[PDB]
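Below is one structure, written out as structure tokens, with a few remarks after it.
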Amino acid sequence: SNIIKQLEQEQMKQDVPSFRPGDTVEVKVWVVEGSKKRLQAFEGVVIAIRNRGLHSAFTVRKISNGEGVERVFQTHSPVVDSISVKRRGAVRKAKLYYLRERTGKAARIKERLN
Amino acid sequence: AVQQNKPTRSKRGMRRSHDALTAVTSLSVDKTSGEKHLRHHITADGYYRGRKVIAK
Amino acid sequence: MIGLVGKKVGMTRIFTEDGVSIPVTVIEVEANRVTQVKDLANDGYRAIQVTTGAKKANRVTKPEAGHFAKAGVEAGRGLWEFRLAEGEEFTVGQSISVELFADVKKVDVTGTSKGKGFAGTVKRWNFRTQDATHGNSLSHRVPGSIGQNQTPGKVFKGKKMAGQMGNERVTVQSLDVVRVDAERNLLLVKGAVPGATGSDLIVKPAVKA
Amino acid sequence: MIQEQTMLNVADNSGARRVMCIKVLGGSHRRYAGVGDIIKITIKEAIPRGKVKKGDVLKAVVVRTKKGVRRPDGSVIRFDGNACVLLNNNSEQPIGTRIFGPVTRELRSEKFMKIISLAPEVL
Amino acid sequence: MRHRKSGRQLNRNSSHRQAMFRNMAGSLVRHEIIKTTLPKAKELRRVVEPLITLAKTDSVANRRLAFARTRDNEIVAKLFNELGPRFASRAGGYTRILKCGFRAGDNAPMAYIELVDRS
RNA sequence: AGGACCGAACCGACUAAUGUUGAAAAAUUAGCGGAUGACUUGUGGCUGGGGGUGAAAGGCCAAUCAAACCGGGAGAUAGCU
RNA sequence: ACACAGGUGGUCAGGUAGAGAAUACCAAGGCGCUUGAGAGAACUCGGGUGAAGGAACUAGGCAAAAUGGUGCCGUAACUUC
RNA sequence: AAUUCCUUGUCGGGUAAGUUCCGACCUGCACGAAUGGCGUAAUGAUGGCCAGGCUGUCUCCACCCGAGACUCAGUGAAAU
RNA sequence: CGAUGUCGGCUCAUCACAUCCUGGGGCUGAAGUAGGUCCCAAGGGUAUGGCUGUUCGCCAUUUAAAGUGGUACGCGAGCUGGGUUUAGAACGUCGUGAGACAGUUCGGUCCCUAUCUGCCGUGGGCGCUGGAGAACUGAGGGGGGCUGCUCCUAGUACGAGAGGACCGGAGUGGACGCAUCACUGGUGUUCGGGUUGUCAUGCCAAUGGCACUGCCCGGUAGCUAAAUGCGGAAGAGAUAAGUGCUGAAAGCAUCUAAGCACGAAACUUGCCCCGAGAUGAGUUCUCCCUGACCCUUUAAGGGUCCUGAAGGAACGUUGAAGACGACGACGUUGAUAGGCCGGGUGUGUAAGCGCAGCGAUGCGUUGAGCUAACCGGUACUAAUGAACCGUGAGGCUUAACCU
Ligand SMILES: [Mg+2]
Ligand SMILES: [Mg+2]
Ligand SMILES: [Mg+2]
Ligand SMILES: [Mg+2]
Ligand SMILES: [Mg+2]
Ligand SMILES: [Mg+2]
Ligand SMILES: [Mg+2]
Ligand SMILES: [Mg+2]
Ligand SMILES: [Mg+2]
Ligand SMILES: [Mg+2]
Ligand SMILES: [Mg+2]
Ligand SMILES: [Mg+2]
Ligand SMILES: [Mg+2]
Ligand SMILES: [Mg+2]
Ligand SMILES: [Mg+2]
Ligand SMILES: [Mg+2]
Ligand SMILES: [Mg+2]
Ligand SMILES: [Mg+2]
Ligand SMILES: [Mg+2]
Ligand SMILES: [Mg+2]
Ligand SMILES: [Mg+2]
Ligand SMILES: [Mg+2]
Ligand SMILES: [Mg+2]
Ligand SMILES: [Mg+2]
Ligand SMILES: [Mg+2]
Ligand SMILES: [Mg+2]
Ligand SMILES: [Mg+2]
Ligand SMILES: [Mg+2]
Ligand SMILES: [Mg+2]
Ligand SMILES: [Mg+2]
Ligand SMILES: [Mg+2]
Ligand SMILES: [Mg+2]
Ligand SMILES: [Mg+2]
Ligand SMILES: [Mg+2]
Ligand SMILES: [Mg+2]
Ligand SMILES: [Mg+2]
Ligand SMILES: [Mg+2]
Ligand SMILES: [Mg+2]
Ligand SMILES: [Mg+2]
Ligand SMILES: [Mg+2]
Ligand SMILES: [Mg+2]
Ligand SMILES: [Mg+2]
Ligand SMILES: [Mg+2]
Ligand SMILES: [Mg+2]
Ligand SMILES: [Mg+2]
Ligand SMILES: [Mg+2]
Ligand SMILES: [Mg+2]
Ligand SMILES: [Mg+2]
Ligand SMILES: [Mg+2]
Ligand SMILES: [Mg+2]
Ligand SMILES: [Mg+2]
Ligand SMILES: [Mg+2]
Ligand SMILES: [Mg+2]
Ligand SMILES: [Mg+2]
Ligand SMILES: [Mg+2]
Ligand SMILES: [Mg+2]
Ligand SMILES: [Mg+2]
Ligand SMILES: [Mg+2]
Ligand SMILES: [Mg+2]
Ligand SMILES: [Mg+2]
Ligand SMILES: [Mg+2]
Ligand SMILES: [Mg+2]
Ligand SMILES: [Mg+2]
Ligand SMILES: [Mg+2]
Ligand SMILES: [Mg+2]
Ligand SMILES: [Mg+2]
Ligand SMILES: [Mg+2]
Ligand SMILES: [Mg+2]
Ligand SMILES: [Mg+2]
Ligand SMILES: [Mg+2]
Ligand SMILES: [Mg+2]
Ligand SMILES: [Mg+2]
Ligand SMILES: [Mg+2]
Ligand SMILES: [Mg+2]
Ligand SMILES: [Mg+2]
Ligand SMILES: [Mg+2]
Ligand SMILES: [Mg+2]
Ligand SMILES: [Mg+2]
Ligand SMILES: [Mg+2]
Ligand SMILES: [Mg+2]
Ligand SMILES: [Mg+2]
Ligand SMILES: [Mg+2]
Ligand SMILES: [Mg+2]
Ligand SMILES: [Mg+2]
Ligand SMILES: [Mg+2]
Ligand SMILES: [Mg+2]
Ligand SMILES: [Mg+2]
């Protein structure tokens with residue numbers, strides 16, 4: 001509907017970089033602890049992207065301290081302060097859930113050049 | 001599972017109270033061929049809303 | 001205090017700068033415009049009948065058309081009454097905007113919930129299903145026992161059974177008003193309201209508050 | 001989203017490798033424990049010389065779930081597995097002195113600030 | 001329930017529906033008018049008209065798509081050589097449903113579905 | 001080599017669901033056992049009712065078995081309904 | 001008893017894959033099973049998928065799920081070897 | 001104990017918890033030596049118990065695909 | 001006894017109150033905390049497991065609590081079939097034996113398409129006094145009603161300390177319920193792709209069929225819970241036990257006899273839903289119909305002609321409505337459905353061609369191609385001019401007004 005679309009449009013971010021599944025991204029999120037806002041980085045492989053305008057989201061998978069950690073960011077959330085693409089990854093799928101059963105060398109994804 | 005008394009012809013008629021058929025309210029007349037037909041259906045000659053729609 | 005008749009437009013989120021995503025139902029509230037004012041003398045109670053939206057002239061019948069003409073107002077898509085509180089006055093032709101809710105913090109939203117058709121006891125009443133295995137013969141979602149033996153020798157009224165679920169009037173209470181946008185005729189309330197997209201909604205200032 | 005019979009990994013160094021939730025605490029008929037929730041556990045697997053022993057019945061705080069936690073913006077943080085920190089039955093203080101793997105902000109509360117401080121990373 | 005769902009089951013499985021609608025689309029392209037049950041004609045609109053839309057622009061890829069959807073080379077040929085050009089200016093709605101009573105055998109409500117520019 | 005192994009045909013029939021006025025007076029479907037043997041199977045034959053036959057369950061002996069069926073004694077008898 | 005999902009001995013034995021007469025898809029050949037049309041509720045039947053958990057179900061892991069091939073490496077107690 | 005009533009004997013193991021299981025004890029109600037005793041590899045659509053894997057068995061059900069059920073047309077039962 | 005199917009479990013309950021929790025209160029050998037006991041109170045709530053066929057019980061760990069009972073010790077034309085209670089077999093025991101056992105053990109067919117009552121839903125008829133379209137009122141009915149913890153009050157009152165409140169306020173939970181799909185997910189045999197075997201499209205290439213959707217990987221809409229919103233209340237009235245005031249009988253005393261007050265999750269309301277068949281059939285607003293003559297058994301009579309309204313129905317396109325009816329939208333003066341156009345979404349760089357490579361294949365064209373149910377538009381197709389039903393001013397008697 002036009003009304004809902006306008007409501008979401010006047011709210012969407014205008015600066016979201018173009019990334020793809022298999023890209024390594026650093027997402028800088030706002031962490032409020034105490035009375036002070038700091039900026040915490042979460043870096044990992046984009047294993048899934050949901051494009052729904054304002055309701056767009058993307059899932060980033062990392063291995064921190066031995067444990068596998070997936071985080072679904074709402075792209076247009078003000079909590080997500082920035083997104084940067086560190087590595088540009090070559091995959092053929094839209095959603096890389098097969099990386100959940102992979103570690104180390106098996107979990108490597110090659111870089112798409114050009 | 002099964003009846004414990006035989007229901008009456010009265011009860012049977014009261015059940016069949018809703019079994020009546022409804023006549024078609026009114027037939028249309030094709031404006032060209034002039035023959036009756038159901039609303040929104042072609043005539044038996046192959047007419048619908050005037051034009052000949054199927055060759056016989 | 002009186003409510004308005006809006007339409008359910010859909011659901012979305014409102015991001016707060018603080019970082020919260022508020023799920024909101026968007027309700028378009030076009031100008032509710034009064035048709036009849038009821039009072040103790042003629043009707044025995046105080047209420048305003050309002051209409052909203054528009055209707056095809058070729059589907060506004062002459063009784064409806066004459067009612068609207070007496071009100072001196074354009075035909076809407078329906079007619080809804082709101083009971084008036086003490087010392088609350090409206091004239092026959094007033095248009096009531098969504099601006100009415102500019103102050104109120106919580107509203108009650110009444111709608112017609114989505115109709116689920118004929119629902120089994122599992123869906124309709126949250127009945128526990130019986131064993132899917134372990135010998136169960138043909139009795140996986142059936143309601144089990146429905147009474148007792150020879151005393152009372154009947155099934156009680158109000159027994160939870162299969163039947164029509166939904167497609168009924170449902171009021172959800174104390175929804176927080178997130179935004180009143182009188183310019184675009186929007187009322188954004190936090191959370192879900194009854195009904196499908198594009199269905200009619202009654203929005204009142206919350207009775208409990 | 002942890003229930004009875006759920007096996008959790010142990011995010012501390014108390015000695016246990018695997019524990020089983022035998023009770024979700026804090027309410028009648030309570031089904032699941034998320035992150036930050038206290039559960040009763042029995043130790044199923046432990047290292048030979050640790051603070052805790054196999055078959056011990058004690059408490060634990062769930063710190064990572066594979067179901068994940070929602071944040072106010074609608075984001076979710078999931079983990080590859082379920083993990084808890086063993087706690088003393090009475091004090092409900094962690095038994096170990098070291099927290100392994102990341103934890104989350106839902107632990108940021110005076111009950112588990114020691115866990116938060118000892119944790120290597122807090123999502 | 002069935003809220004906002006599209007496509008008639010027609011008391012068949014999915015593979016049967018797909019095969020039957022291939023046969024019926026081929027019949028309709030071949031004969032330009034067929035008699036079939038009214039629900040099948042309504043469902044056939046959504047199979048046949050996309051084929052004509054596809055055939056309006058002739059390319060090898062569009063020929064091959066039409067051949068995947070119809071599996072009949074002479075049907076593809078008729079589409080792309082006759083009905084594409086015949087319907088080039090028509091913005092959709094290439095077929096017409098004409099209700100024609102009921103079958104004797106089962107009292108099924110019948111209908112003719114024909115190409116609009118047949119007569 | 002083998003009363004050997006896995007496994008079709010073939011022979012059986014452990015579990016389950018369905019079916020239970022069945023498609024069927026015992027089956028279907030999914031699994032299941034044996035599958036060169038004390039195997040299975042066709043044709044023909046023999047054993048006859050207090051008798052047969054029985055790797056034995058009172059099993060089976062024409063959908064009938066702690067005494068087959070058919071006819072007869074016979075309208076047994078029935079202090080029972 | 002039926003134009004009945006049962007039973008009925010023998011012979012023939014194509015292609016591709018396959019160990020195969022398994023199985024899959026086909027050939028020759030033969031069929032679509034003698035009510036259809038719609039709809040797309042509960043519920044029943046037969047199936048598919050399923051977050052997190054994983055036998056907490058239950059009399060019982062019943063049923064499901066799972067395992068599953070070939071080559072090779074490797075293989076415990078016990079043993080009548 | 002396919003045997004034990006008392007009895008869920010007692011002790012040990014397994015479990016968080018074990019009337020079942022396993023190992024013992026001997027107080028064998030009422031084992032016992034070819035109506036065999038006690039062992040026993042292998043075997044078993046055999047009984048009991050435990051574990052790994054696996055899972056809608058379950059927490060707790062959801063959706064989907066088909067055959068019915070529902071409506072129309074034709075035929076047209078049954079127990080009672 | 002020409003059959004009333006047993007235990008337990010499951011499912012689904014319903015009532016009682018001799019109340020387990022929560023609520024109110026008296027006494028206490030009640031300092032506080034925590035108790036003990038009794039009274040009132042049935043609104044709501046009132047464990048999961050291990051063992052066993054169990055009920056029970058014991059145990060483990062919860063909980064505010066894990067109530068007691070009735071309901072054919074509720075519930076097998078609802079399920080199970082472990083126990084029990086057929087036929088097989090064995091052990092102990094008894095018996096010469098056949099066999100047997102308030103012993104044990106292994107195995108062992110649970111039928112019924114609902115006529116009536118009932119109940120859950122959903123329609124058709126007529127009624128409601130001219131007809132019709134709406135909006136109501138609210139007699140009545142139903143739903144709901146649970147509770148933890150933390151913080152503040154306040155380390156205050158109380159207490160020698162140890163400990164540690166009432167009342168009041170705030171927050172956050174569990175269970176339950178309603179709604180919803182924005183999110184997170186599931187599903188998504190109608191979308192995209194990968195891939196095995198095989199057959200076919202003459203062949204290559206590219207596709208299609210079949211193999212559980214062949215096997216998979218994703219996934220739109222819808223539907224969904226595990227997802228996220230909301231709810232239980234506050235308030236009022238009359239009370240329970242109980243506490244009183246004033247106060248005689250009975251010069252005092254006395255909560256009572258007259259009078260007056262307070263008093264609880266119980267009751268009546270307040271919240272939500274149904275609801276005028278509420279036959280006591282209600283109200284309000286609007287709309288429509290303003291013609292002729294015959295008739296005799298003369299009256300709420302029948303007839304014929306003319307007339308056919310408001311509206312309804314029917315039909316069609318249909319719906320986030322639905323078993324069917326119903327209900328909603330729309331029918332050319334039209335976006336109702338399909339198609340079409342644009343977008344979105346999903347999948348993931350089609351085909352063809354070119355280049356590189358011996359080739360598999362890669363690269364480029366190319367985030368390409370395709371894309372359901374979605375969004376925004378678009379009369380291209382289909383929603384027909386009609387016809388049909390429904391009438392023509394609406395009884396009697398009284399009363400009050402109007403002339
Ligand atoms: Mg009788
Ligand atoms: Mg009928
Ligand atoms: Mg519906
Ligand atoms: Mg259950
Ligand atoms: Mg059965
Ligand atoms: Mg079943
Ligand atoms: Mg649709
Ligand atoms: Mg059919
Ligand atoms: Mg297929
Ligand atoms: Mg052999
Ligand atoms: Mg045999
Ligand atoms: Mg078989
Ligand atoms: Mg074999
Ligand atoms: Mg004899
Ligand atoms: Mg015997
Ligand atoms: Mg026999
Ligand atoms: Mg004899
Ligand atoms: Mg004689
Ligand atoms: Mg006689
Ligand atoms: Mg036949
Ligand atoms: Mg046959
Ligand atoms: Mg072969
Ligand atoms: Mg074969
Ligand atoms: Mg047939
Ligand atoms: Mg179905
Ligand atoms: Mg499956
Ligand atoms: Mg799928
Ligand atoms: Mg699962
Ligand atoms: Mg998945
Ligand atoms: Mg999973
Ligand atoms: Mg168990
Ligand atoms: Mg249990
Ligand atoms: Mg099994
Ligand atoms: Mg299987
Ligand atoms: Mg003995
Ligand atoms: Mg004993
Ligand atoms: Mg013992
Ligand atoms: Mg013991
Ligand atoms: Mg166990
Ligand atoms: Mg057990
Ligand atoms: Mg022992
Ligand atoms: Mg002996
Ligand atoms: Mg001797
Ligand atoms: Mg002897
Ligand atoms: Mg022996
Ligand atoms: Mg019929
Ligand atoms: Mg008869
Ligand atoms: Mg009897
Ligand atoms: Mg009788
Ligand atoms: Mg009492
Ligand atoms: Mg007391
Ligand atoms: Mg009660
Ligand atoms: Mg009650
Ligand atoms: Mg009561
Ligand atoms: Mg009350
Ligand atoms: Mg009793
Ligand atoms: Mg009973
Ligand atoms: Mg009871
Ligand atoms: Mg019963
Ligand atoms: Mg029973
Ligand atoms: Mg009965
Ligand atoms: Mg039994
Ligand atoms: Mg016996
Ligand atoms: Mg009615
Ligand atoms: Mg009430
Ligand atoms: Mg959703
Ligand atoms: Mg959506
Ligand atoms: Mg979805
Ligand atoms: Mg090829
Ligand atoms: Mg193929
Ligand atoms: Mg073929
Ligand atoms: Mg085939
Ligand atoms: Mg999804
Ligand atoms: Mg109150
Ligand atoms: Mg009072
Ligand atoms: Mg005094
Ligand atoms: Mg006095
Ligand atoms: Mg309360
Ligand atoms: Mg359209
Ligand atoms: Mg227009
Ligand atoms: Mg895209
Ligand atoms: Mg290409
Ligand atoms: Mg392709
Ligand atoms: Mg590129
Ligand atoms: Mg794309
Ligand atoms: Mg498109
Ligand atoms: Mg549109």
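Each chain gets a letter, A, B and so on, in the order the sequences are listed, and its residues count up from 1. We use all heavy atoms of the structure for the numbers below, so side chains are in, but hydrogens, waters and symmetry mates are not.
Of the possible polar contacts, one joining the D/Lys59 side chain to the D/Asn89 backbone as a donor-acceptor pair under 3.5 Å is found.
Contacts of B/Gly50 with the nucleic acid, taken as non-hydrogen atoms under 4.0 Å apart, are absent. No engagement by B/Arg15 is indicated, since no non-hydrogen atom pair under 4.0 Å with the nucleic acid exists. Among the heavy atoms of the strands lying under 4.0 Å from C/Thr197 is at least one base atom, whether or not backbone atoms are also near. Across all strands shown, E/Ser59 has no heavy atoms under 4.0 Å from either base or sugar-phosphate atoms. Within the nucleic acid shown, C/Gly66 comes within 4.0 Å of sugar-phosphate atoms alone, with no base atom in reach, counting heavy atoms only.
I/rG76 and I/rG8 have their P atoms separated by 12 Å, given to the nearest Å. I/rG277 and I/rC128 have their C1' atoms separated by 9 Å, with the value rounded to a whole Å.
Between D/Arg71 and D/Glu106 there is a salt bridge, with a side-chain nitrogen of the basic residue lying less than 4.0 Å from a carboxylate oxygen of the acidic one. E/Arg103 has a carboxylate O that lies under 4.0 Å from a charged side-chain N of E/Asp106, or vice versa, which qualifies the two as a salt bridge. Salt-bridge formation is detected for the pair C/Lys55/C/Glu64: a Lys NZ or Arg NE/NH1/NH2 atom is positioned less than 4.0 Å from an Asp or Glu carboxylate oxygen.
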N/O to N/O distances under 3.5 Å, protein versus nucleotides 64-68 of chain I:
| unit_1 | atom_1 | unit_2 | atom_2 | d |
| --- | --- | --- | --- | --- |
| I/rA66 | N6 | D/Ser28 | OG | 3.4 |
| I/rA66 | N1 | D/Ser28 | OG | 2.4 |

Please write out the pairs of protein N or O atoms and N or O atoms of nucleotides 215-221 of chain I separated by less than 3.5 Å, giving the distance to one decimal.
| unit_1 | atom_1 | unit_2 | atom_2 | d |
| --- | --- | --- | --- | --- |
| I/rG219 | OP1 | A/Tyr97 | OH | 2.9 |
| I/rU220 | OP1 | A/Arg52 | NH1 | 3.1 |
| I/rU220 | OP1 | A/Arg52 | NH2 | 2.5 |

Polar atoms only, N or O, under 3.5 Å: list the protein pairs with nucleotides 60-63 of chain G and their distances.
| unit_1 | atom_1 | unit_2 | atom_2 | d |
| --- | --- | --- | --- | --- |
| G/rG60 | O6 | C/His134 | ND1 | 3.2 |
| G/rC62 | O2 | C/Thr133 | OG1 | 3.3 |
| G/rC62 | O2 | C/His134 | N | 3.0 |
| G/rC62 | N3 | C/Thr133 | OG1 | 3.2 |
| G/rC62 | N3 | C/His134 | NE2 | 3.4 |

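By the Watson-Crick or G-U wobble test, with both distances required under 3.5 Å, G/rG50 and H/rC21 do not count as a base pair.
Remark: I/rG390 base-pairs with no nucleotide in the shown strands. Criterion, Watson-Crick or G-U wobble with two distances under 3.5 Å. Look at I/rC176: its Watson-Crick or wobble partner, with both distances under 3.5 angstrom, is I/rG231.
For NZ of C/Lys159, the number of neighbouring non-hydrogen atoms (other residues, nucleotides, ligands) closer than 6.0 Å is greater than 12.
For I/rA300, the sign convention on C1'-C2'-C3'-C4' gives a south pucker, since the angle is negative.
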